[PDB]
């Protein structure tokens, strides 16, 4: 029996690129734990990944994780893209580098540590933990303290 935990994630960004942040909630037994940090120039999609990465890397043993997010980008990557990446060596079909490969690879490493059941959510409405993660992410985007060193500036 693996430890059973719940993770909720969201990203937020004031531009594209602009200041942004991530928010994550990790719930196990009774102890609830929040994660957030703000970055001076990033994208929403990079913050969506960081939220999952940071919450997963926090786990210090093999767990059964229920991971809830409304990110259509993470969903597309998890369910549509990463299988192609793993047989093409993390390049596109045209042999080009994959966008955000630094975070996708880091997320995939953390994903391999646990038994993940993904819960895709249509929207914040009717999901209080996912809306709290948006609040956490937005709060960090309004008070950025770090640089997103992996963001390759597209502008």
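Positions refer to the first chain, counted from 1.
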query: Of 18-26 and 128-136, the stretch whose C-alpha atoms average the higher B-factor in the entry; finding: 128-136
query: Which of 54-62 and 27-35 has higher mean CA B factor, as the PDB entry lists it; finding: 27-35
query: Largest Cα B-factor, entry values, listed residues 46, 106, 41, 96; finding: 96
query: CA B-factor placement of residue 100, once the chain's modelled residues are sorted into thirds; finding: lowest
